[PDB]
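Containing compact mmCIF, N, CA and C atoms: start-v4.txt.
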```
# COMPACT_ATOMS: atom_id res chain seq x y z
N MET M 1 26.61 58.62 -3.15
CA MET M 1 28.00 58.23 -3.52
C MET M 1 28.95 58.46 -2.36
N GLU M 2 28.42 58.96 -1.24
CA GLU M 2 29.27 59.30 -0.11
C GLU M 2 28.50 59.19 1.20
N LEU M 3 29.21 58.79 2.24
CA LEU M 3 28.71 58.88 3.59
C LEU M 3 29.86 59.55 4.35
N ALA M 4 29.58 60.74 4.90
CA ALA M 4 30.63 61.59 5.47
C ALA M 4 30.43 61.74 6.97
N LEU M 5 31.38 61.19 7.74
CA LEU M 5 31.30 61.25 9.19
C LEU M 5 32.71 61.08 9.74
N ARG M 6 33.05 61.89 10.74
CA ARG M 6 34.35 61.77 11.42
C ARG M 6 34.21 60.77 12.57
N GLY M 7 34.98 59.69 12.51
CA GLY M 7 34.87 58.60 13.48
C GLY M 7 33.66 57.72 13.19
N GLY M 8 33.37 56.80 14.10
CA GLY M 8 32.19 55.94 13.98
C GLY M 8 32.39 54.70 13.13
N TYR M 9 33.62 54.44 12.68
CA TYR M 9 33.92 53.16 12.05
C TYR M 9 34.01 52.09 13.11
N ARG M 10 33.52 50.91 12.77
CA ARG M 10 33.59 49.74 13.64
C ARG M 10 34.38 48.67 12.91
N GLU M 11 35.38 48.10 13.58
CA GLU M 11 36.15 47.00 12.99
C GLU M 11 35.30 45.73 12.86
N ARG M 12 35.44 45.08 11.71
CA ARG M 12 34.80 43.79 11.45
C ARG M 12 35.90 42.79 11.15
N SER M 13 35.62 41.52 11.39
CA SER M 13 36.60 40.48 11.09
C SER M 13 36.56 40.07 9.62
N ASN M 14 37.74 39.95 9.02
CA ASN M 14 37.83 39.44 7.65
C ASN M 14 37.45 37.96 7.50
N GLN M 15 37.22 37.28 8.63
CA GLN M 15 36.76 35.90 8.65
C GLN M 15 35.24 35.79 8.67
N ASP M 16 34.56 36.91 8.91
CA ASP M 16 33.13 36.84 9.23
C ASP M 16 32.20 36.96 8.03
N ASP M 17 32.71 37.38 6.88
CA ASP M 17 31.87 37.53 5.70
C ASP M 17 32.71 37.51 4.44
N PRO M 18 32.38 36.60 3.50
CA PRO M 18 33.17 36.54 2.27
C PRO M 18 33.03 37.79 1.40
N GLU M 19 32.03 38.63 1.68
CA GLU M 19 31.84 39.79 0.82
C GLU M 19 32.96 40.82 0.91
N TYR M 20 33.64 40.89 2.05
CA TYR M 20 34.73 41.85 2.17
C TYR M 20 35.81 41.58 1.13
N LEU M 21 36.16 40.30 0.96
CA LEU M 21 37.14 39.89 -0.04
C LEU M 21 36.61 40.13 -1.47
N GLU M 22 35.34 39.82 -1.71
CA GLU M 22 34.73 40.09 -3.01
C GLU M 22 34.84 41.57 -3.36
N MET M 23 34.48 42.42 -2.40
CA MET M 23 34.51 43.86 -2.62
C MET M 23 35.93 44.37 -2.82
N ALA M 24 36.88 43.77 -2.10
CA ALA M 24 38.29 44.14 -2.25
C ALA M 24 38.77 43.88 -3.69
N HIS M 25 38.39 42.73 -4.24
CA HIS M 25 38.76 42.40 -5.62
C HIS M 25 38.08 43.32 -6.61
N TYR M 26 36.80 43.61 -6.37
CA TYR M 26 36.08 44.57 -7.20
C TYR M 26 36.80 45.92 -7.24
N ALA M 27 37.17 46.44 -6.06
CA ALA M 27 37.76 47.77 -5.99
C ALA M 27 39.14 47.80 -6.64
N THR M 28 39.94 46.78 -6.35
CA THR M 28 41.31 46.72 -6.82
C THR M 28 41.39 46.55 -8.33
N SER M 29 40.59 45.64 -8.87
CA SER M 29 40.59 45.43 -10.32
C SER M 29 40.04 46.65 -11.07
N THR M 30 38.98 47.26 -10.53
CA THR M 30 38.35 48.42 -11.17
C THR M 30 39.29 49.63 -11.17
N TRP M 31 39.88 49.91 -10.02
CA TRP M 31 40.82 51.01 -9.90
C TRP M 31 42.03 50.82 -10.82
N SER M 32 42.64 49.64 -10.78
CA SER M 32 43.89 49.45 -11.51
C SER M 32 43.69 49.57 -13.03
N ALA M 33 42.51 49.16 -13.51
CA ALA M 33 42.16 49.30 -14.93
C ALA M 33 42.13 50.76 -15.40
N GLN M 34 41.91 51.69 -14.47
CA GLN M 34 41.81 53.12 -14.78
C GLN M 34 43.16 53.86 -14.70
N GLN M 35 44.20 53.17 -14.24
CA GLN M 35 45.50 53.81 -13.99
C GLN M 35 46.39 53.91 -15.23
N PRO M 36 47.02 55.08 -15.44
CA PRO M 36 47.92 55.34 -16.57
C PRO M 36 49.20 54.50 -16.54
N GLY M 37 49.64 54.06 -17.71
CA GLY M 37 50.88 53.29 -17.86
C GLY M 37 50.75 51.82 -17.48
N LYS M 38 49.59 51.47 -16.94
CA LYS M 38 49.33 50.13 -16.41
C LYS M 38 49.15 49.10 -17.52
N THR M 39 49.76 47.93 -17.35
CA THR M 39 49.63 46.84 -18.33
C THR M 39 48.85 45.65 -17.77
N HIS M 40 48.91 45.47 -16.45
CA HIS M 40 48.28 44.35 -15.77
C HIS M 40 47.33 44.84 -14.68
N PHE M 41 46.32 44.03 -14.35
CA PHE M 41 45.51 44.30 -13.17
C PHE M 41 46.37 44.18 -11.93
N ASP M 42 46.12 45.04 -10.94
CA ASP M 42 46.56 44.74 -9.59
C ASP M 42 45.55 43.79 -8.96
N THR M 43 45.99 43.04 -7.96
CA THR M 43 45.12 42.08 -7.29
C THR M 43 45.29 42.16 -5.78
N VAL M 44 44.38 41.50 -5.07
CA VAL M 44 44.37 41.52 -3.60
C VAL M 44 45.15 40.34 -3.05
N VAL M 45 46.24 40.63 -2.36
CA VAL M 45 47.01 39.60 -1.64
C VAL M 45 46.32 39.25 -0.32
N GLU M 46 45.92 40.26 0.44
CA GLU M 46 45.25 40.02 1.71
C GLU M 46 44.37 41.21 2.08
N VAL M 47 43.19 40.92 2.62
CA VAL M 47 42.40 41.93 3.31
C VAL M 47 42.93 42.01 4.73
N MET M 48 43.69 43.07 5.02
CA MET M 48 44.33 43.20 6.34
C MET M 48 43.45 43.77 7.45
N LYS M 49 42.53 44.65 7.08
CA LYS M 49 41.62 45.23 8.06
C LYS M 49 40.32 45.56 7.36
N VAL M 50 39.22 45.39 8.09
CA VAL M 50 37.87 45.74 7.62
C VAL M 50 37.21 46.64 8.67
N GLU M 51 36.67 47.78 8.23
CA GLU M 51 35.93 48.67 9.12
C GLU M 51 34.69 49.13 8.39
N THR M 52 33.58 49.26 9.10
CA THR M 52 32.36 49.76 8.46
C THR M 52 31.66 50.86 9.25
N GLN M 53 30.91 51.70 8.54
CA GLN M 53 30.22 52.88 9.06
C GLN M 53 28.85 52.80 8.41
N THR M 54 27.76 52.95 9.17
CA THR M 54 26.43 52.84 8.59
C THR M 54 25.53 53.96 9.08
N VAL M 55 24.83 54.59 8.13
CA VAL M 55 23.70 55.47 8.43
C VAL M 55 22.47 54.83 7.76
N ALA M 56 22.20 55.17 6.50
CA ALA M 56 21.27 54.39 5.70
C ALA M 56 22.09 53.44 4.81
N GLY M 57 23.01 54.01 4.04
CA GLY M 57 24.01 53.24 3.34
C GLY M 57 25.15 52.89 4.27
N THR M 58 26.15 52.22 3.71
CA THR M 58 27.30 51.75 4.49
C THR M 58 28.59 52.04 3.73
N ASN M 59 29.58 52.54 4.45
CA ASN M 59 30.98 52.58 4.00
C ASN M 59 31.73 51.34 4.45
N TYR M 60 32.41 50.69 3.50
CA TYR M 60 33.33 49.61 3.83
C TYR M 60 34.72 50.15 3.61
N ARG M 61 35.47 50.35 4.69
CA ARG M 61 36.86 50.81 4.58
C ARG M 61 37.77 49.59 4.72
N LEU M 62 38.41 49.23 3.61
CA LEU M 62 39.21 48.02 3.55
C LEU M 62 40.66 48.40 3.40
N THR M 63 41.49 47.85 4.28
CA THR M 63 42.94 48.03 4.22
C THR M 63 43.52 46.75 3.62
N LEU M 64 44.13 46.90 2.45
CA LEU M 64 44.50 45.76 1.60
C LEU M 64 45.98 45.72 1.37
N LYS M 65 46.52 44.51 1.24
CA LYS M 65 47.83 44.37 0.60
C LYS M 65 47.58 43.99 -0.85
N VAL M 66 48.20 44.75 -1.75
CA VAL M 66 47.96 44.68 -3.19
C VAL M 66 49.28 44.49 -3.91
N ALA M 67 49.24 43.76 -5.02
CA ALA M 67 50.42 43.58 -5.86
C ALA M 67 49.97 43.39 -7.30
N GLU M 68 50.89 43.59 -8.24
CA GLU M 68 50.60 43.37 -9.65
C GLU M 68 50.23 41.92 -9.90
N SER M 69 49.12 41.72 -10.60
CA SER M 69 48.68 40.38 -10.98
C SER M 69 49.38 39.89 -12.23
N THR M 70 49.13 38.62 -12.54
CA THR M 70 49.64 37.99 -13.74
C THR M 70 48.65 38.11 -14.90
N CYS M 71 47.60 38.92 -14.72
CA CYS M 71 46.58 39.12 -15.75
C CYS M 71 46.68 40.49 -16.42
N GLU M 72 46.80 40.48 -17.75
CA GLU M 72 46.84 41.71 -18.53
C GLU M 72 45.48 42.41 -18.55
N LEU M 73 45.49 43.74 -18.66
CA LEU M 73 44.25 44.54 -18.66
C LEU M 73 43.33 44.25 -19.85
N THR M 74 43.90 43.63 -20.88
CA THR M 74 43.15 43.24 -22.07
C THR M 74 42.37 41.93 -21.86
N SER M 75 42.63 41.27 -20.73
CA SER M 75 41.91 40.06 -20.35
C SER M 75 40.82 40.36 -19.31
N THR M 76 39.95 39.37 -19.07
CA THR M 76 38.90 39.49 -18.05
C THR M 76 39.47 39.14 -16.68
N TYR M 77 39.32 40.05 -15.72
CA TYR M 77 39.80 39.81 -14.37
C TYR M 77 39.05 38.67 -13.70
N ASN M 78 39.81 37.73 -13.14
CA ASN M 78 39.25 36.62 -12.39
C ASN M 78 40.04 36.47 -11.09
N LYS M 79 39.34 36.65 -9.98
CA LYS M 79 39.93 36.62 -8.64
C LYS M 79 40.73 35.35 -8.31
N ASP M 80 40.23 34.19 -8.72
CA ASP M 80 40.93 32.93 -8.41
C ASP M 80 41.81 32.40 -9.54
N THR M 81 42.16 33.28 -10.48
CA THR M 81 43.06 32.93 -11.57
C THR M 81 44.14 34.00 -11.84
N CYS M 82 44.03 35.14 -11.16
CA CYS M 82 44.91 36.29 -11.41
C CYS M 82 45.80 36.64 -10.21
N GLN M 83 46.28 35.62 -9.50
CA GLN M 83 47.10 35.82 -8.31
C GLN M 83 48.45 36.48 -8.61
N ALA M 84 48.96 37.24 -7.65
CA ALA M 84 50.28 37.85 -7.75
C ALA M 84 51.38 36.86 -7.40
N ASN M 85 52.52 37.00 -8.07
CA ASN M 85 53.72 36.24 -7.72
C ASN M 85 54.28 36.76 -6.41
N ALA M 86 54.87 35.87 -5.62
CA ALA M 86 55.45 36.27 -4.33
C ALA M 86 56.52 37.35 -4.44
N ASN M 87 57.21 37.41 -5.58
CA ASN M 87 58.27 38.40 -5.77
C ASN M 87 57.80 39.76 -6.29
N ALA M 88 56.50 39.91 -6.53
CA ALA M 88 55.96 41.19 -6.99
C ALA M 88 55.95 42.17 -5.82
N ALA M 89 56.23 43.44 -6.11
CA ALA M 89 56.21 44.48 -5.08
C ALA M 89 54.83 44.59 -4.48
N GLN M 90 54.78 44.60 -3.16
CA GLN M 90 53.51 44.73 -2.45
C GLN M 90 53.38 46.10 -1.85
N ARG M 91 52.15 46.59 -1.81
CA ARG M 91 51.90 47.84 -1.12
C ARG M 91 50.57 47.79 -0.41
N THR M 92 50.42 48.68 0.55
CA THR M 92 49.18 48.80 1.30
C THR M 92 48.30 49.81 0.60
N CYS M 93 47.06 49.41 0.32
CA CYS M 93 46.07 50.32 -0.26
C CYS M 93 44.86 50.37 0.65
N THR M 94 44.26 51.55 0.76
CA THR M 94 43.05 51.71 1.56
C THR M 94 41.96 52.18 0.63
N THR M 95 40.83 51.47 0.66
CA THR M 95 39.70 51.85 -0.16
C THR M 95 38.44 52.00 0.68
N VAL M 96 37.62 52.99 0.33
CA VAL M 96 36.28 53.12 0.91
C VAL M 96 35.30 52.86 -0.21
N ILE M 97 34.53 51.79 -0.03
CA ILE M 97 33.44 51.43 -0.93
C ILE M 97 32.15 51.88 -0.26
N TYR M 98 31.41 52.74 -0.95
CA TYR M 98 30.12 53.22 -0.46
C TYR M 98 29.01 52.44 -1.13
N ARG M 99 28.17 51.80 -0.32
CA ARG M 99 26.96 51.14 -0.84
C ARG M 99 25.73 51.81 -0.26
N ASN M 100 24.87 52.31 -1.14
CA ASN M 100 23.68 52.98 -0.65
C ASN M 100 22.66 51.99 -0.10
N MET M 101 21.63 52.53 0.56
CA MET M 101 20.61 51.70 1.20
C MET M 101 20.01 50.70 0.21
N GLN M 102 19.87 51.12 -1.05
CA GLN M 102 19.28 50.27 -2.08
C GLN M 102 20.27 49.37 -2.83
N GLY M 103 21.50 49.26 -2.32
CA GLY M 103 22.40 48.19 -2.74
C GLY M 103 23.38 48.49 -3.86
N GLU M 104 23.45 49.74 -4.28
CA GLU M 104 24.34 50.13 -5.36
C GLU M 104 25.67 50.57 -4.78
N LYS M 105 26.76 50.00 -5.26
CA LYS M 105 28.08 50.31 -4.72
C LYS M 105 28.93 51.11 -5.68
N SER M 106 29.83 51.90 -5.10
CA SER M 106 30.85 52.61 -5.85
C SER M 106 32.08 52.75 -4.99
N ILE M 107 33.18 53.08 -5.65
CA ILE M 107 34.45 53.26 -4.98
C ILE M 107 34.60 54.74 -4.69
N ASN M 108 34.43 55.11 -3.43
CA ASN M 108 34.53 56.52 -3.03
C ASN M 108 35.98 56.99 -3.03
N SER M 109 36.88 56.12 -2.58
CA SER M 109 38.31 56.40 -2.60
C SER M 109 39.11 55.11 -2.72
N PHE M 110 40.28 55.23 -3.33
CA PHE M 110 41.24 54.15 -3.44
C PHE M 110 42.62 54.78 -3.47
N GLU M 111 43.37 54.56 -2.39
CA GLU M 111 44.65 55.24 -2.18
C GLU M 111 45.72 54.23 -1.81
N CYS M 112 46.85 54.26 -2.51
CA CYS M 112 47.93 53.32 -2.22
C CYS M 112 49.16 54.00 -1.66
N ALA M 113 49.67 53.40 -0.59
CA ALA M 113 50.96 53.78 -0.04
C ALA M 113 52.03 53.23 -0.96
N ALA M 114 53.17 53.90 -1.03
CA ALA M 114 54.29 53.41 -1.84
C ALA M 114 54.84 52.07 -1.32
N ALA M 115 55.39 51.26 -2.23
CA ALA M 115 56.03 50.01 -1.81
C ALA M 115 57.32 50.27 -1.05
```

Using structure tokens, write down the structure from this file.
Amino acid sequence: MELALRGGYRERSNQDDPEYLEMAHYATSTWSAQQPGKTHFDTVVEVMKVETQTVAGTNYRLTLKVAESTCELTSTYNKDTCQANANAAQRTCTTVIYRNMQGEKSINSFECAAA
């Protein structure tokens, strides 16, 4: 559930693999569903930075711009149907998704800066 190392992240391009965006939506929708007082999913406006660290498993550290979606938590999250309005408050969130060598992923951390 963790890969712990100081330094050793390598920047990757957000243009080079569609999985970074998929993982960003996974992390954002999953995290926001767990938050108190929340009525709607948060969604991913942009993957701003991608960095990865690998030993056997891999950490994906994604720096995201996130905003409240138009989808209620009582509905099923859909990445291409739950977009944020331009006037919704945006914030920067950083998430580390840990995927073990055998392909199982979890959200090791998800932290948002204030708007």

Give the answer as one residue: which of M:15, M:58, M:102, M:52 has the shortest atom-to-atom distance to residue M:2, using all atoms listed in the file? M:58

(49.6, 37.1, -1.8) in this file's frame - what residues fall within 6.5 Å of it? Use all atoms listed in the file and give the answer as a PDB file with N, CA and C atoms, in the frame of the given file.
```pdb
ATOM      1  N   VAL M  44      44.380  41.500  -5.070  1.00  0.00           N
ATOM      2  CA  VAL M  44      44.370  41.520  -3.600  1.00  0.00           C
ATOM      3  C   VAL M  44      45.150  40.340  -3.050  1.00  0.00           C
ATOM      4  N   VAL M  45      46.240  40.630  -2.360  1.00  0.00           N
ATOM      5  CA  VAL M  45      47.010  39.600  -1.640  1.00  0.00           C
ATOM      6  C   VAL M  45      46.320  39.250  -0.320  1.00  0.00           C
ATOM      7  N   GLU M  46      45.920  40.260   0.440  1.00  0.00           N
ATOM      8  CA  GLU M  46      45.250  40.020   1.710  1.00  0.00           C
ATOM      9  C   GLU M  46      44.370  41.210   2.080  1.00  0.00           C
ATOM     10  N   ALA M  84      48.960  37.240  -7.650  1.00  0.00           N
ATOM     11  CA  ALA M  84      50.280  37.850  -7.750  1.00  0.00           C
ATOM     12  C   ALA M  84      51.380  36.860  -7.400  1.00  0.00           C
ATOM     13  N   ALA M  86      54.870  35.870  -5.620  1.00  0.00           N
ATOM     14  CA  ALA M  86      55.450  36.270  -4.330  1.00  0.00           C
ATOM     15  C   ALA M  86      56.520  37.350  -4.440  1.00  0.00           C
TER      16      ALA M  86
END
```

Shell of 10 Å around stretch 71-73 of chain M, only C-alpha atoms, local chain residues under 3 positions omitted, as a JSON list (two decimals) with N, CA and C atoms, keeping the file's coordinate frame:
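Final output, out-v3.json:
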```
[["chain", "number", "residue", "atom", "x", "y", "z"],
["M", 29, "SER", "N", 40.59, 45.64, -8.87],
["M", 29, "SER", "CA", 40.59, 45.43, -10.32],
["M", 29, "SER", "C", 40.04, 46.65, -11.07],
["M", 32, "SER", "N", 42.64, 49.64, -10.78],
["M", 32, "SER", "CA", 43.89, 49.45, -11.51],
["M", 32, "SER", "C", 43.69, 49.57, -13.03],
["M", 33, "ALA", "N", 42.51, 49.16, -13.51],
["M", 33, "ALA", "CA", 42.16, 49.30, -14.93],
["M", 33, "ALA", "C", 42.13, 50.76, -15.40],
["M", 34, "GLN", "N", 41.91, 51.69, -14.47],
["M", 34, "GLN", "CA", 41.81, 53.12, -14.78],
["M", 34, "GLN", "C", 43.16, 53.86, -14.70],
["M", 38, "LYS", "N", 49.59, 51.47, -16.94],
["M", 38, "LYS", "CA", 49.33, 50.13, -16.41],
["M", 38, "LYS", "C", 49.15, 49.10, -17.52],
["M", 39, "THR", "N", 49.76, 47.93, -17.35],
["M", 39, "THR", "CA", 49.63, 46.84, -18.33],
["M", 39, "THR", "C", 48.85, 45.65, -17.77],
["M", 40, "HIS", "N", 48.91, 45.47, -16.45],
["M", 40, "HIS", "CA", 48.28, 44.35, -15.77],
["M", 40, "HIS", "C", 47.33, 44.84, -14.68],
["M", 41, "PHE", "N", 46.32, 44.03, -14.35],
["M", 41, "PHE", "CA", 45.51, 44.30, -13.17],
["M", 41, "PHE", "C", 46.37, 44.18, -11.93],
["M", 42, "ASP", "N", 46.12, 45.04, -10.94],
["M", 42, "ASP", "CA", 46.56, 44.74, -9.59],
["M", 42, "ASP", "C", 45.55, 43.79, -8.96],
["M", 43, "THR", "N", 45.99, 43.04, -7.96],
["M", 43, "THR", "CA", 45.12, 42.08, -7.29],
["M", 43, "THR", "C", 45.29, 42.16, -5.78],
["M", 68, "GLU", "N", 50.89, 43.59, -8.24],
["M", 68, "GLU", "CA", 50.60, 43.37, -9.65],
["M", 68, "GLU", "C", 50.23, 41.92, -9.90],
["M", 76, "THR", "N", 39.95, 39.37, -19.07],
["M", 76, "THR", "CA", 38.90, 39.49, -18.05],
["M", 76, "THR", "C", 39.47, 39.14, -16.68],
["M", 77, "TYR", "N", 39.32, 40.05, -15.72],
["M", 77, "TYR", "CA", 39.80, 39.81, -14.37],
["M", 77, "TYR", "C", 39.05, 38.67, -13.70],
["M", 78, "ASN", "N", 39.81, 37.73, -13.14],
["M", 78, "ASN", "CA", 39.25, 36.62, -12.39],
["M", 78, "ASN", "C", 40.04, 36.47, -11.09],
["M", 81, "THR", "N", 42.16, 33.28, -10.48],
["M", 81, "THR", "CA", 43.06, 32.93, -11.57],
["M", 81, "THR", "C", 44.14, 34.00, -11.84],
["M", 82, "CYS", "N", 44.03, 35.14, -11.16],
["M", 82, "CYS", "CA", 44.91, 36.29, -11.41],
["M", 82, "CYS", "C", 45.80, 36.64, -10.21],
["M", 83, "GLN", "N", 46.28, 35.62, -9.50],
["M", 83, "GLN", "CA", 47.10, 35.82, -8.31],
["M", 83, "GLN", "C", 48.45, 36.48, -8.61],
["M", 84, "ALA", "N", 48.96, 37.24, -7.65],
["M", 84, "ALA", "CA", 50.28, 37.85, -7.75],
["M", 84, "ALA", "C", 51.38, 36.86, -7.40]]
```

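Between atom C of residue M:55 and atom N of residue M:25 lies a distance of 23.3 Å.
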
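Minimum atom-to-atom distances from M:37, M:50, M:92, M:79 to residue M:64 were compared using all atoms listed in the file, and the lowest value belongs to M:92.
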
Could you find all residues in chain M that DSSP calls helix (DSSP H, G or I) from the backbone, and write them as a ChimeraX atom specification? /M:19-33

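Nearest-residue note for residue M:65: choosing from M:21, M:93, M:113, M:88, the minimum distance belongs to M:93, counting only C-alpha atoms.
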
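Proximity to residue M:56 was assessed for M:99, M:20, M:109, M:114 counting all atoms listed in the file; the smallest distance is recorded for M:99.
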
Can you tell me, as a VMD selection string, which residues in stretch 24-109 of chain M count as strand (DSSP E or B) by DSSP? chain M and resid 40 to 54 58 to 72 90 to 99 105 to 109

If we count all atoms listed in the file, what is near residue M:59 at a cut-off of 6 Å, once residues fewer than 3 positions away on the same chain are taken out, given as a PyMOL selection string? chain M and resi 51-54+97-99

Could you give me the centre and size, in Å to one decimal, of an axis-aligned box around all listed atoms of stretch 78-97 of chain M with 4 Å added on every side, as AutoDock Vina command-line options?
```
--center_x 45.2 --center_y 42.8 --center_z -5.8 --size_x 34.1 --size_y 28.7 --size_z 22.7
```

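Nearest residue to residue M:11, choosing from M:49, M:96, M:108, M:90 and counting all atoms listed in the file: M:49.
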